[PDB]
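Trainee: the sequence isn't on hand, but the structure is:
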Ligand SMILES: *[C@@H]1O[C@H](CO)[C@@H](O[C@@H]2O[C@H](CO)[C@@H](O[C@@H]3O[C@H](CO[C@H]4O[C@H](CO)[C@@H](O)[C@H](O)[C@@H]4O)[C@@H](O)[C@H](O[C@H]4O[C@H](CO)[C@@H](O)[C@H](O)[C@@H]4O)[C@@H]3O)[C@H](O)[C@H]2NC(C)=O)[C@H](O)[C@H]1NC(C)=O
Ligand SMILES: *[C@@H]1O[C@H](CO)[C@@H](O[C@@H]2O[C@H](CO)[C@@H](O[C@@H]3O[C@H](CO[C@H]4O[C@H](CO)[C@@H](O)[C@H](O)[C@@H]4O)[C@@H](O)[C@H](O[C@H]4O[C@H](CO)[C@@H](O)[C@H](O)[C@@H]4O)[C@@H]3O)[C@H](O)[C@H]2NC(C)=O)[C@H](O)[C@H]1NC(C)=O
Ligand SMILES: *[C@@H]1O[C@H](CO)[C@@H](O[C@@H]2O[C@H](CO)[C@@H](O[C@@H]3O[C@H](CO[C@H]4O[C@H](CO)[C@@H](O)[C@H](O)[C@@H]4O)[C@@H](O)[C@H](O[C@H]4O[C@H](CO)[C@@H](O)[C@H](O)[C@@H]4O)[C@@H]3O)[C@H](O)[C@H]2NC(C)=O)[C@H](O)[C@H]1NC(C)=O
Ligand SMILES: *[C@@H]1O[C@H](CO)[C@@H](O[C@@H]2O[C@H](CO)[C@@H](O)[C@H](O)[C@H]2NC(C)=O)[C@H](O)[C@H]1NC(C)=O
Ligand SMILES: *[C@@H]1O[C@H](CO)[C@@H](O[C@@H]2O[C@H](CO)[C@@H](O)[C@H](O)[C@H]2NC(C)=O)[C@H](O)[C@H]1NC(C)=O
Ligand SMILES: *[C@@H]1O[C@H](CO)[C@@H](O[C@@H]2O[C@H](CO)[C@@H](O)[C@H](O)[C@H]2NC(C)=O)[C@H](O)[C@H]1NC(C)=O
Ligand SMILES: *[C@@H]1O[C@H](CO)[C@@H](O[C@@H]2O[C@H](CO)[C@@H](O)[C@H](O)[C@H]2NC(C)=O)[C@H](O)[C@H]1NC(C)=O
Ligand SMILES: *[C@@H]1O[C@H](CO)[C@@H](O[C@@H]2O[C@H](CO)[C@@H](O)[C@H](O)[C@H]2NC(C)=O)[C@H](O)[C@H]1NC(C)=O
Ligand SMILES: *[C@@H]1O[C@H](CO)[C@@H](O)[C@H](O)[C@H]1NC(C)=O
Ligand SMILES: *[C@@H]1O[C@H](CO)[C@@H](O)[C@H](O)[C@H]1NC(C)=O
Ligand SMILES: *[C@@H]1O[C@H](CO)[C@@H](O)[C@H](O)[C@H]1NC(C)=O
Ligand SMILES: *[C@@H]1O[C@H](CO)[C@@H](O)[C@H](O)[C@H]1NC(C)=O
Ligand SMILES: [Ca+2]
Ligand SMILES: [Ca+2]
Ligand code: NI
Ligand code: NI
């Protein structure tokens, strides 16, 4: 979102199972989130900005759980830095690196790989000091990790103490508590444990995909399983609240059969083509659904003609209402309450 | 549309959305109608006295056909009903009817001048698909269709009697009927007018003319005289066009100057009010200019050979223009005065933060001699910053730094000494003092600021994402005013205004013509003389001399030279770049002033070869082009003493070490190997040794004599992929680099142990090395840097970076007289220094001997020991395209028995005549024109003497040494015929389907030949052609070759 | 054919 | 003659 | 080939 607390361009992730806090490194966005090191509860509740400053080409972040200090690398300055999770103490650990890509802290040593030096090096986690080379002349180096024994007994939280507490997803929070979550397109029930479909949300349609966002701005989750993938080029979308459907019209100038009107439930099921036959040279340029009578209104946009059509849902009856040549209706909204149709025209004589 | 009475010229511009008028000479143009017009397509006008009226058609959001007086005053709308796409107009002068057309409603109609008596010529008809333009004649109307791509004719009153005039492959847009009746005469009221500049006809009764004047001119109260408007205006450069818009937001005309159309990728502009010129850069690396009225739109100078320039700033006192080259990481200057252009690079990208990382904007202060630029920084020492320096490039300083991600152009307020800039990452415009003390945010919540300029009490900025040009108060950023809106592709801004050089004079104006080439002002009223690229300032402080000491850094795209002193960022040589450059290694000829390099291309030929150029960019000539292997020239070494150029050309499975005597055609091979692959070769005339590196199977470094005869290995253990090697002559050590070992090491010429100079992770890919004085200089491919460090092993000082962010580094060499000594004492009395040692072709010195071993390019060395003659022995001869070439029987002897003989046409077969010492060979010309000739092998070596012409293609030839007559076969004519050695009598021996080769046995009276026709066989007959029999006539298909051995 | 002459 | 990806 | 760009 517009606030600095949101994710701008997240690169790395570190998780602290006990004490329940996420940590991530962000490249920032223009006129929005800065490039910063941020932290939040693993359910996403309390966004926070820990370190901001000379970070430009920020690399992945990592966490030393035993010492509770964050590590990250800045390519624009060629350094590896440390910082407490409190966001207070910050210092430079290694100098004169070329392009750090991955780094990991285990035991008393810190391992980092430089993609431009084509090397993997080990240094102490308190300071550079004893530099040791593990591999050299290795091209295309990337991130690193240490495979080691960590058990559920050495650290525990709410989601481990209470299995089967949440029906779909359990997310720990600081203090030993746990927060239940319900997938995508589902909303947490008032009991706090079960799941129900997202009764109230808003629909935004992009050319690549159709997505749903909740009205309450504190909820960053997707309120609807996104409609995306190959063959998607969305011009408009309309909703059917009672029957639980979302109608959208695809467009394609070159490839046919990519034109028409489709339907889908907000949970991602029962995909079905509604209108496929008789689409004009320019696709369906507008869609409007009459939730009272069950009528669907849409606009066909031929090269020199424009039709306004009706289709009764779950029914093959399809009718043309208007045929115009000098006027070009484009976007249709229907009002069953006052029984009117309003459409916008942006051709000659708008 | 031309005005034949008033001698004017009208046109409609769809992109500019204006209707413009000028004289018929194309001068004094102005924007006539610019209000309330969106898409003007059609245009017609009636210059007759009774009308003086013009018509145009606009197909905007509200289509209409409008009329107005020819001076644009009395504008009315005549057709705005039943029109969707008005396209094309024409006037019927006799009866005063205006014909118009519509491409959407598909009709042709006409009306009177008031648009009242509307009739349909062609309507509700399918003859019209997408008609564009029309013209009239006597009772006929012609029009063009862009849909059916044909020109039509019909009756102009009812549309009957239609026919197709013309079919056209492309869409026919314009059409006019040329005849005097279409252009009726009348009285010219404008002919008596006293108006300066433009005199436009009008429909007003008293006078029927009205004076007007071009864009940027003022209409005086006399109503006949105009004066140039000196008021300022804003130049709004956009991605494809530059507009001059007035500073008054109420004026929406965009006609303060003639628009500068045809821009490729516009970023910013720059002006010189002394000559009223507007400057902008172009992508190919050029700077263009044009006057405010469009008189001398021309190119002006080339900016950089290795990338396009982005920023622009002009000094109106010293008459220099500064620009930034982000592709080359440099800030450069160019000279406007004089007919000869001089350019220099001021600041480059060294390792220090004070250097130039990625210059975006630049603003100059001619007085006080200060230059400011905004830097994006790099993934290196250079951060994002606002930096300042003197205009001679000396005192680099960092003024502001911090949260400056995605910086934009920087603007200087000279009157207040305040810097202004925009930051996209935070969407703000900030300002601060030139000394770097104060800083505050002035404008908030911007989307993507691109341009900004300070003039008077206001700050103008253009936002590329809001598509708006806005004026705000420069002191506080309050009182926002919108000038333009909904304009896409918004780019930088600049205010054109008159600025006198006298009120802001500097050192370069008080002392003109002091410096030979370039003058650069400095703080304190002084000036600093400077020289163009490739020249060094002489100690006298005024003249210029070419660089005599610089390093030649070799890259794949270009070959560039840098000074040995790190404080000098000037380009020490004119860069070699452009089309066709893909260079592997370079070498220098200091004494003569030449730099050699080898270009390589894996696909296209004629790109491989060795070429030479002077360090000032004069007399580029090719050196070696013929006979380059598939892998191209892989190493260049020049013997500055003997004038020999050694190189290694690699084939797919072989590689040769080859010598070419410079300025001469003498070229010979010294060594041919398959297991070894010598790649980089160096030569040492002092110790008289030849070294090279090998990085194939069994990598090593080899040492050998100048003739490649005493090959020994110096390093063969702990070495993989030695990219390059270099030598310091004063100490006699060989330095080499290993990218596969991250190792830089050295070893003495006589051998011993290898000394590790530098190694470790911090040396990923060293690709080329050189030695100068106490320091080694090498390039690193991965780090994109050119380093300098102490030559002595065991040193722990970090290397200093000469330059940074150079892509595709390959090699580095020193261009200095100290690195190529010429005195006999400094070369250990090397022979071949005088008269090439007396040798005729090649002069190879030997390590301790006082007499040179002369080499022979072709032939054998005589008893004299310094002259060459023909082999006088047995050898092979073969024909290769248009030449006859020779070869020795010994595979280990690479000398040519005789120099290649050049012939006309293509040589196919040949045979040798002992007695006269000549070669009888055949030629092929055209498809069927064969030919037979002979050439002597004696010292005369005249042009080949022809024996016959106009004969068919000949596939073989044999000579009878006993009977002194020549036998040859004609493929195209299916006969084998004979001839005397003088030509003379000719006879036919036999007929054959496809004869190729012939062999003779005169001492037994028999003659053999081969045939590969429908049935392939080898036939025998007497030399007279009698008793023909086939010797072998089974299992043969294409028996091309025949040879007879008398010894067995 | 589209209207724009370009 | 309209908008498309 | 070995290197071309
Ligand atoms: C064209 O044809 C399609 C099918 O191809 C129809 O789609 C169906 O529409 C009906 C409309 O009633 C849908 O039925 C509704 O389902 C809702 C979800 O059910 C879940 O949650 C409820 C609890 O809220 C559980 O009981 C249930 O088991 C599920 O877990 C229900 O909430 C709706 O309840 C309403 O009706 C019931 C029964 O009468 C009442 O008891 C309730 O009070 C309430 O009024 C309802 O049952 C059905 O899910 C749709 N199926 C599909 C495949 O999507 C379209 O309706 C039809 N088009 C048009 C325009 O008519
Ligand atoms: C051709 O026609 C054009 C348009 O009529 C004339 O242009 C005007 O010329 C006058 C005189 O030079 C200009 O007046 C000056 O304006 C300055 C500020 O202008 C800016 O701000 C105003 C609004 O505040 C805008 O309208 C304007 O576009 C600019 O953005 C003032 O600072 C000047 O004041 C100073 O000089 C005057 C007179 O000497 C003093 O009295 C003041 O104390 C002060 O020192 C001055 O008022 C006017 O702005 C111009 N308009 C335009 C559109 O630029 C040409 O002059 C005319 N040419 C000729 C030769 O006839
Ligand atoms: C193959 O063929 C090429 C030509 O195609 C030859 O190249 C020429 O080489 C000679 C040297 O052998 C060059 O001559 C030199 O020119 C220099 C530049 O002269 C300018 O600057 C000087 C002052 O520095 C002015 O006096 C002069 O007017 C010019 O403005 C001179 O500096 C050199 O002088 C040196 O040698 C002379 C004697 O020759 C001494 O008297 C001087 O003291 C000084 O030591 C010299 O004159 C010539 O310019 C080259 N021509 C071209 C076209 O490049 C190659 O030499 C030839 N051989 C090989 C192996 O390549
Ligand atoms: C530009 O076209 C517009 C639209 O027709 C004109 O605006 C109208 O002009 C008439 C003139 O009588 C007025 O009666 C209306 O009140 C105007 N409407 C608006 C919204 O302004 C406008 O006059 C035209 N301008 C020019 C210079 O041609
Ligand atoms: C094409 O031209 C012919 C004449 O060559 C037209 O035919 C005559 O038109 C006049 C005027 O309408 C009539 O009075 C005559 O009776 C016509 N004679 C014939 C032979 O038809 C014809 O009208 C033109 N084409 C069209 C369709 O108008
Ligand atoms: C701008 O254009 C004009 C017109 O071509 C140039 O003036 C001509 O210059 C040539 C060569 O000096 C003369 O032979 C003509 O007589 C000139 N014609 C006129 C109309 O004066 C002018 O030189 C150009 N400006 C510059 C400096 O390039
Ligand atoms: C092979 O020989 C032919 C001639 O038989 C060469 O053709 C000539 O090429 C030159 C350019 O190098 C032209 O200027 C001549 O006009 C050509 N002559 C004829 C008769 O066509 C050809 O170039 C040779 N091929 C190579 C690779 O050198
Ligand atoms: C291939 O060559 C042999 C050469 O002998 C031909 O054999 C002769 O054929 C003729 C005609 O049949 C006989 O009269 C001879 O007696 C044969 N000679 C011998 C010694 O065999 C043979 O005919 C040739 N083949 C073809 C297809 O021409
Ligand atoms: C809708 O979806 C359910 C579950 O995917 C499926 O079983 C059912 O057949 C579908 N019904 C229709 C009419 O699409
Ligand atoms: C070297 O350059 C100048 C300028 O082109 C030329 O006049 C001179 O002839 C050239 N030298 C040779 C030998 O080509
Ligand atoms: C060069 O090669 C010859 C023949 O192999 C050998 O005898 C000689 O010692 C070598 N070196 C010198 C000093 O000539
Ligand atoms: C073949 O012989 C013919 C006539 O018998 C002669 O005209 C011609 O020149 C010869 N070959 C060619 C070139 O066709
Ligand atoms: Ca049409
Ligand atoms: Ca390496
Ligand atoms: Ni990175
Ligand atoms: Ni930007």
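Mentor: In hand now; what should we look at? Residues are numbered from 1 along each chain as shown, chains lettered A, B, ... in the order given. Ligands and ions are numbered 1, 2, ... in the order given.
Trainee: just give me the residue closest to the centre of chain A.
Mentor: Nearest to the mean C-alpha position of chain A, by CA atoms, centre = their mean, lies residue A:222 at 7.5 Å.
Trainee: okay, helices next: where are they in the stretch 101-250 of chain A?
Mentor: Using DSSP state H, counting those that start in this stretch, the helices assigned to the stretch 101-250 of chain A run over residues A:158-161.
Trainee: contacting residues around the residue of it found nearest ligand 1?
Mentor: With CB to the nearest ligand atom as the measure, residue A:243 is the residue of the stretch 101-250 of chain A nearest to ligand 1, at 3.5 Å. For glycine as for every other residue, the C-beta is placed from the backbone atoms N, C-alpha and C. Shown in contact with residue A:243 (CB atoms under 8 Å, 6 or more residues apart in numbering or on different chains): no residues.
Trainee: quick one on the thing from earlier: next, the closest residue to the residue nearest to the centre of chain A other than its chain neighbours: phi, psi?
Mentor: Nearest residue to residue A:222 in three dimensions, chain neighbours excluded: residue A:184, at 4.7 Å (CB to CB, 6 or more residues apart in numbering or on different chains). With angles defined as degrees, to the nearest 10, residue A:184 sits at phi -130, psi 130.
Trainee: how close does residue A:184 get to residue B:672?
Mentor: Distance check for residue A:184 against residue B:672: by CB to CB, to the nearest Å, it reads 71 Å.
Trainee: try residue A:41
Mentor: For residue A:41, the distance to residue B:672 - CB to CB - is 74 Å.
Trainee: got the contact list for residue A:104?
Mentor: Residues near residue A:104 by CB under 8 Å, 6+ apart: A:62, A:110-112, A:144-146.
Trainee: is it possible to mark the buried ones in these?
Mentor: A:62, A:110-112, A:144 (16 or more other CB atoms under 10 Å in any protein chain shown).
Trainee: residues in contact with stretch A:306-314?
Mentor: A:274-275, A:280, A:289, A:294-300, A:317-325, A:327-329, A:332, A:341, A:343.
Trainee: distance of residue A:253 from chain C?
Mentor: Using CB to the nearest CB, to the nearest Å, residue A:253 is found at 13 Å from chain C.
Trainee: check the burial of that residue by counting its neighbours.
Mentor: 16 (other CB atoms under 10 Å in any protein chain shown).
Trainee: likewise the one 5 residues further on?
Mentor: Burial of residue A:258, expressed as a neighbour count using other CB under 10 Å, amounts to 16.
Trainee: that one and residue A:249 touch, don't they?
Mentor: No: here residue A:258 does not reach residue A:249: they are 10.9 Å apart, not a contact under CB atoms under 8 Å.
Trainee: which among the contacts of stretch A:306-314 count as buried?
Mentor: A:274-275, A:280, A:289, A:295-300, A:328-329, A:332, A:343.
Trainee: widest-spaced pair of these?
Mentor: A:274 and A:328 (22.7 Å; CB to CB).
Trainee: measure the residue in chain A that ligand 12 sits nearest to to ligand 2 for me?
Mentor: Nearest to ligand 12, among the residues of chain A, is residue A:254, at 57.8 Å (CB to the nearest ligand atom). In this view, residue A:254 and ligand 2 are 50 Å apart by CB to the nearest ligand atom, to the nearest Å.
Trainee: surely that residue is in a helix?
Mentor: No: per DSSP: H, G, I helix; E, B strand; the rest coil, residue A:254 lies outside any helix segment and is coil.
Trainee: next up, phi/psi of it, please.
Mentor: Dihedral angles (degrees, to the nearest 10) for residue A:254: phi -90, psi -60.
Trainee: need the contact list for residue A:63.
Mentor: A:14-16, A:23, A:69-71, A:85, A:105.
Trainee: what's the closest non-adjacent residue to it?
Mentor: Residue nearest to residue A:63 in three dimensions, not counting chain neighbours: residue A:14, with 3.9 Å by CB to CB, 6+ apart.
Trainee: my read: the one you found touches residue A:69, true?
Mentor: No: with contact defined as CB under 8 Å, residue A:14 does not count as touching residue A:69 (11.0 Å).
Trainee: so those two - more neighbours on which side?
Mentor: residue A:14 (20 against 17).
Trainee: which residues sit in contact with the more buried one?
Mentor: So residue A:14 contacts A:22-24, A:61-63, A:70 (CB under 8 Å, 6+ apart).
Trainee: if we ignore the residues flanking it in sequence, what's nearest residue A:264?
Mentor: Excluding its sequence neighbours, the residue lying closest to residue A:264 (CB to CB, 6+ apart) is residue A:271, at 4.9 Å.
Trainee: go ahead and confirm that neighbour touches residue A:262.
Mentor: Yes: Residue A:271 lies in contact with residue A:262 (CB under 8 Å); the separation is 6.6 Å.
Trainee: now do the helices in the stretch 251-350 of chain A.
Mentor: Under DSSP H, counting those that start in this stretch, the stretch 251-350 of chain A gives no helices.
Trainee: taking the stretch 151-300 of chain A, what residue is nearest to ligand 7?
Mentor: Closest point on the stretch 151-300 of chain A to ligand 7, by CB to the nearest ligand atom, is residue A:254, at 46.6 Å.
Trainee: and that residue, how many residues sit next to it?
Mentor: Considering only other CB under 10 Å, residue A:254 is surrounded by 6 other residues.
Trainee: roughly how far does it sit from chain C?
Mentor: From residue A:254 to chain C the distance is 16 Å (CB to the nearest CB).
Trainee: just residue A:316 next, same as before
Mentor: Relative to chain C, residue A:316 is positioned 36 Å away (CB to the nearest CB).
Trainee: any chance of the buried ones among the contacts of residue A:104 in TSV, plus distance to ligand 2?
Mentor: Shown next, in TSV, are the buried ones among the contacts of residue A:104 (distance: CB to the nearest ligand atom, whole Å):
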residue	distance to ligand 2
A:62	57
A:110	61
A:111	63
A:112	58
A:144	61
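Trainee: out of these, which sit inside strands?
Mentor: A:62, A:110-112 (DSSP state E).
Trainee: turn these into JSON lines, columns for distance to ligand 1.
Mentor: Listed next are those as JSON lines, based on distance: CB to the nearest ligand atom, whole Å:
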{"residue": "A:62", "distance to ligand 1": "44"}
{"residue": "A:110", "distance to ligand 1": "52"}
{"residue": "A:111", "distance to ligand 1": "51"}
{"residue": "A:112", "distance to ligand 1": "52"}
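Trainee: noted, bye for now.
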